[PDB]
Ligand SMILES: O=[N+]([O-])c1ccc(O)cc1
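There is one chain below, alone, in C-alpha cells, taken in the form deposited without this ligand.
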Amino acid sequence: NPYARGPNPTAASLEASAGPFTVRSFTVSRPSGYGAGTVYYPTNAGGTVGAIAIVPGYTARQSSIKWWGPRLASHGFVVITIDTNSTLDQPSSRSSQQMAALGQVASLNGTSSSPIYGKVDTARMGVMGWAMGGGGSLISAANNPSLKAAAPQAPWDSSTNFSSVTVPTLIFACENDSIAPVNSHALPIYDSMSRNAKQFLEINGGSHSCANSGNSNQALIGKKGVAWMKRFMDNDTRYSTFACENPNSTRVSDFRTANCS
C-alpha cells in the first residue's frame, strides 16, 4: 500500500493526544472562496498525505473544530480548518467553501514558498465539520464522490436525504443534542445512506458541542476520526478493526455500522 504511513496502530497510539508525527501550522495568507483558514501538517510523514477540510457550525469559528487539526495532522494528514465568509452561512454555502479550501490546499501544494509544498496527494481528500458544517460535508460528499471519506459531527441539515452518498461516512452524534436533535438530523441522515460504508457513533449524554474542541471524549472521538480517515483515505487496512468496531463503551449511547471492512 503506497499510502500507508506511520507505525502499526494500537488503541493507545490512537487514544493519545498526539500521533507519531510532528505538527506545524500556518494561517492561509490569501484565503480564496472562504473566510479564513489554518493549515496543520506533519513535518515527518515520510511520503505525501491526504488532505481534510473542516468547517464549523452556525455562528461558530475555527476554535470549535481546531482540536482536529493537530490530532489528525499528527497521524499523517494535511488539515485545513476554516472560518466561513459569514458565521450565518447555510450548509450549501459551507460545502462550497469546504471544497474551495481543498482547492487552495492543492494550490499551496504547488507553491514553492508554502510549508506544504509537495506534501499533499491531491487525489486523496476528506471532509469533516460540525452541525451546519457537517451538513455541508455530506453535501460535499454527495456532489464529489471521489472524496475518500467524510466524518461530520452533530450534523444539521433541513434535508436529511443523503441516499446518493457513496463516500465512506462516519457520523458522530450527540445523544442530548437540542439544536440538531439526533432523531431529526443525524439518524435520518445515517438511515438515508444505502450505498456506502457508514457508521453512526452517538456520544452518551452529549450536548450539540460533544465533538468540539475541549470535549472530554477526545480519546474515543479522536481514535475513531483518525481510524476512519486512515482506513478510507489511505486504504490502510491496519485500521479496519479500529474503523469498524463497536467501542462497547459507557461513552457511546448508540452505535451502528454497515458495509464496513
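The numbering used is simple: start at 1 and walk along the sequence shown.
The mean C-alpha temperature factor is higher for 39-47 when 39-47 and 209-217 are set side by side. For the segment pair 188-196 and 219-227, the entry gives 188-196 the higher mean B-factor, averaged over Cα atoms.
In the deposited coordinates, the residue among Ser140, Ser114, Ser93, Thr169 with the greatest CA B-factor is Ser114. Compared with the other modelled residues of the chain, the Cα B-factor recorded for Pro155 ranks in the lowest third. Annotation for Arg124: CA B-factor lies in the middle third of the chain's modelled residues. Compared with the other modelled residues of the chain, the Cα B-factor recorded for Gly103 ranks in the lowest third. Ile82: CA B factor lies in the lowest third for its chain, per the PDB record. Sort the modelled residues of the chain by CA B factor and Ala149 lands in the lowest third.
Not pictured, yet referred to below: the form deposited with this ligand bound.
Counting atoms of this ligand, placed from its pose in the bound PDB entry by superposing the C-alphas round the site, that lie within 2.4 Å of this form's backbone or C-beta atoms gives zero, so the site is open. No residue of the trio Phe26, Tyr40 and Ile80 has any heavy atom within 4.5 Å of this ligand in the bound PDB entry. Looking at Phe172, you'd find every heavy atom of it more than 4.5 angstroms from this ligand in the bound PDB entry. Using a 4.5 Å cutoff between non-hydrogen atoms, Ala131 counts as a contact of this ligand in the bound PDB entry.
At a distance threshold of 4.5 angstroms between non-hydrogen atoms, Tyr58 is in contact with this ligand in the bound PDB entry.
The closest non-hydrogen atom of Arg195 lies beyond 4.5 Å of this ligand in the bound PDB entry.
Heavy atoms closer than or equal to 4.5 Å to this ligand in the bound PDB entry belong, across 161-183, to the residues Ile179, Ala180, ordered by sequence position.
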